[PDB]
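Input: a single structure, listed below in structure tokens.
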Amino acid sequence: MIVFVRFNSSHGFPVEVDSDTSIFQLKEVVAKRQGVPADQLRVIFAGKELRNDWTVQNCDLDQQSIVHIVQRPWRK
């Protein structure tokens, strides 16, 4: 499924993910895509960060508004 996500340094882009794609895995996916430090990557859904170990499907990242992702790197 395609989830809507807004990166701090990007726009609202669509990311295709699998139903079994874990939230942390998705974090790592976005980190991979734009080459950002996942350890310093902050994902926001409904205001809070989602559990790192669970399916992205059952977390409603495609249903409940748009996902916000911001990076907080110390050196970049």
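Throughout, read-outs are computed from the coordinates displayed, never taken from laboratory work. Reconstructed Cβ throughout: ideal geometry from the backbone, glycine too, with neighbour counts over all protein chains shown.
For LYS48 and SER19, FRET efficiency with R0 = 25 Å and r from the beta-carbon atoms, rounded to 0.05?
Using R0 = 25 Å, I get an efficiency of 0.70.
Using the Karplus curve 6.51 cos²θ - 1.76 cosθ + 1.60 with θ = phi - 60°, work out ³J(HN,Hα) for each residue of the stretch 62-76 in order, rounded to whole Hz, and write x for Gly and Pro.
Once θ is set to phi - 60°, the couplings for the stretch 62-76 become 9, 9, 8, 6, 10, 7, 10, 10, 10, 9, 10, x, 8, 9, 7 Hz.
Between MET1 and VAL70, what FRET efficiency follows from the Cβ-Cβ distance if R0 is 22 Å, with the result rounded to 0.05?
0.45
Can you check what the Kirkwood hydrodynamic radius comes to for the stretch 1-52, Cα pairs only, in Å to one decimal?
11.4 Å
What do you get for the angle between helix 23-33 and the principal long axis of the chain? Use alpha-carbon atoms, 0 to 90 degrees, nearest ten.
Tilt relative to the chain: about 50 degrees.
Can you list residues whose amide H is under 5 Å from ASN8's amide H, if they're 5+ apart or on another chain and H is modeled 1.01 Å from N?
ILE69, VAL70, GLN71
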